[PDB]
Ligand code: NA
């Protein structure tokens with residue numbers, strides 16, 4: 001009951017952490033595209 | 001009592017995680033503006 | 001005893017999350033400097 | 001039993017947080033390389 005409510009709360013933390021992970025994967029991908037763009041302008 | 005204190009601690013973790021999420025959203029937005037700036041200099 | 005060990009574990013999660021927060025603040029600051037550098041080359 | 005299952009869940013959260021930390025270290029490193037590239041084009 002109190003244990004169950006705490007388990008649910010930790011599951012919410014876990015879910016919100018995955019949303020943050022997915023955001024950070026988007027950050028990595030977008031910065032890589034920007035980096036490759038700059039490199040394409042210099043090397044080609 | 002011990003359960004209540006642990007619940008409060010997990011709520012603090014959850015709050016701090018949202019502060020981190022909001023920071024990472026700012027990172028994404030700022031890098032997108034920088035990326036679009038570079039693209040504006042090349043495509044226009 | 002089991003409760004105490006779980007509290008310690010959650011405190012470790014909280015600490016590691018702050019280390020991650022401090023890293024993400026460094027990411028924001030460094031990207032801002034890079035963005036401002038590019039802008040300095042164009043606007044001045 | 002319920003305590004054990006909760007401990008396992010928190011350990012999963014901790015592991016997933018380290019995966020996120022490692023991703024964010026890669027973000028920092030890649031952006032630093034991009035920043036240094038731009039600086040190399042201007043200062044040399
Ligand atoms: Na977290």
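Taking the helices alone, chain D has a mean residue ellipticity at 222 nm of -35500 deg cm²/dmol, built from -39,500 (n - 2.57) per DSSP H run of at least 4 residues and averaged over all its residues.
Using only C-alpha positions, report the orientation-averaged shadow area of the convex hull of chain A, nm², one decimal.
Across all orientations, chain A yields a mean hull projection of 2.7 nm².
Legend: mean number of C-beta atoms from other chains within 10 angstrom of residue C-beta atoms, peptide D:12-22, equals 6.
Between chain C and the stretch A:1-21, what is the C-alpha centre distance in whole Å? Measuring centre to centre over Cα atoms gives 22 Å.
Rounded to two decimals, what is Rg over Rh for the protein assembly as shown when you use alpha-carbon atoms and the Kirkwood radius? The partial results should precede the final answer.
Values: Rg = 20.3 Å, Rh = 18.1 Å.
Reported Rg/Rh, Kirkwood definition of Rh: 1.12.
Per residue of peptide D:26-38, the mean number of Cβ atoms on other chains within 10 Å of the residue Cβ is 6.
Counted by neighbouring Cβ atoms within 10 Å, the residues A:33, A:21 run from fewest to most as A:33, A:21. Put a point 7 Å out from Cα along the line to Cβ at residue C:3; what are the distances to that point in the other copies, in nm, shortest first? List, nearest first: 0.9, 0.9, 1.3 nm.
Distances between equivalent label points of residue D:19 across the copies, with each point positioned 7 Å along Cα→Cβ, amount to 1.8, 1.8, 2.6 nm, shortest listed first. In degrees, nearest 10, range 0 to 90: what is the angle between the Cα axis of helix C:2-43 and the longest Cα principal axis of chain C? The helix C:2-43 is inclined about 0 degrees to chain C.
Bear in mind these aren't lab numbers, they're just calculated from the coordinates by the rules spelled out. Positions of Cβ are generated from backbone atoms using ideal geometry, with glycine treated the same way; all protein chains shown enter the neighbour counts.
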